[PDB]
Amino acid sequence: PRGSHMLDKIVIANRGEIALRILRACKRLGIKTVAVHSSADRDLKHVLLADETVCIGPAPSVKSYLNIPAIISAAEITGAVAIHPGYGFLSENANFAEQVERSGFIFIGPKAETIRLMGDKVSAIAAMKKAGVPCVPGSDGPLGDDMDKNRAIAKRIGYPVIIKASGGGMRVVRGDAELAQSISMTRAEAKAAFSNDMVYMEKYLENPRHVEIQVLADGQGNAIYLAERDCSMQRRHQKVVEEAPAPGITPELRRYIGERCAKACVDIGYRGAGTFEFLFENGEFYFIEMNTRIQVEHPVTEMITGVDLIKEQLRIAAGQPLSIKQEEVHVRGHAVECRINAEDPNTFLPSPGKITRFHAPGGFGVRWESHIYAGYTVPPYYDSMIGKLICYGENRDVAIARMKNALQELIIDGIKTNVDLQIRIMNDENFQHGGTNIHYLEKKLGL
């Protein structure tokens, strides 16, 4: 008897900690699960737990996890009625979403168009300006040689400003007195750089913070924002720590930025979960991008607000308008997340191999999200992330206090881990204070 709850069976088109995370949501709602794997992830936790499994190609992701037709066929042969992309991989690949629906399957996620829309870095900027989402003030197109208006623009943006090459990989100006020469000095550097003279300008965010807002939208006119997170602790581009709610955000400001994202979702016709990423400097938000999918650090939200986001995606993809409304969403306590990498906390590059001994942390407020275990062999291919350690507190202090101690309990031998590092971040006098910038980590370390 098919559908004693619509989406009977689901392909989890992903791997690692997210796959397992999703599986756990399905199993607990009585959805049969169908895990798609490769022969590197033959012995993954989520795979050993699934109701069915299917091998879809060799180790490399391009041949396995990026294999659109290999996934759809798996859906096809198991009587699956829906596919969960997770994050990264095809989650924001519009072509993939299309072929799944085209192939008669529900894609737990947004429409193929909205993925393109928010994937085109200009389309998204456009659509956000219209929706009224605050963005980086800019010249809105290249700079003339009319030094009257290049001054007119800078003044309208508020110094400092940054001159930027269009085919480049850039100069800060702290006032009128140095604008003409600088525009010029940037031209020179650009002329040589990629053969292009052309440059533009936009406001300079000197010490900004990465703040991001999690939304849900049913496609049917309803969208709620679920607080926000602070993700400023970053190594190269990689997010290292993620707290929520973001310290020193007055509810007046939270309510402000959230409501805007909500509207934007409605205006853009959003469907599913997704994240709005901003810079935040001097009490102002500047939109960087929206990740069209579920977010990695989604759990910190979970902890504070209660709500099951994975559980809520399923509910929308079934075609039900959001069970929740903002007036019900509530921030309670604090939550901090530390990413765990099969890495070396010095020469920062993956450290695959067998985990000879593993012990996970426990107790009140500690949550561990991981597909690893004693005996597990982290492969060389896929991403370096092996777990997420999320600690919950009644406040930021008690949370930070828990994590510091969860991290010691944690045991992973046989590979190097970023734990020694996570311990010295949680043990940072300033991180304790709160409010540190998107540069603070690289300054504490090398780079």
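Start at 1 and count along the sequence shown; that's the residue number.
In this entry, residue 169 is separated from residue 170 by 4 to 9 residues of the deposited sequence that have no coordinates. Looking at mean Cα B-factors across 396-404 and 56-64, the upper value is held by 56-64. Mean CA B-factor, 330-338 versus 277-285: the higher value falls on 330-338.
Which of 348, 368, 364, 107 has the largest Cα B-factor in the deposited entry comes down to 348. Taking only the listed residues 240, 162, 253, 82, the entry reports the highest CA temperature factor at 253. Residue-level temperature factors show residue 26 in the lowest third of its chain, judged at the C-alpha atom.
In the PDB entry, a CA B factor belonging to the lowest third of its chain's modelled residues is recorded for residue 137.
Among the modelled residues of its chain, residue 2 has a C-alpha B-factor that falls in the lowest third according to the deposited record. Among all modelled residues in its chain, residue 69 ranks in the highest third by Cα B-factor.
Ranked against the other modelled residues of its chain, the C-alpha B-factor of residue 325 as given in the entry falls in the highest third.
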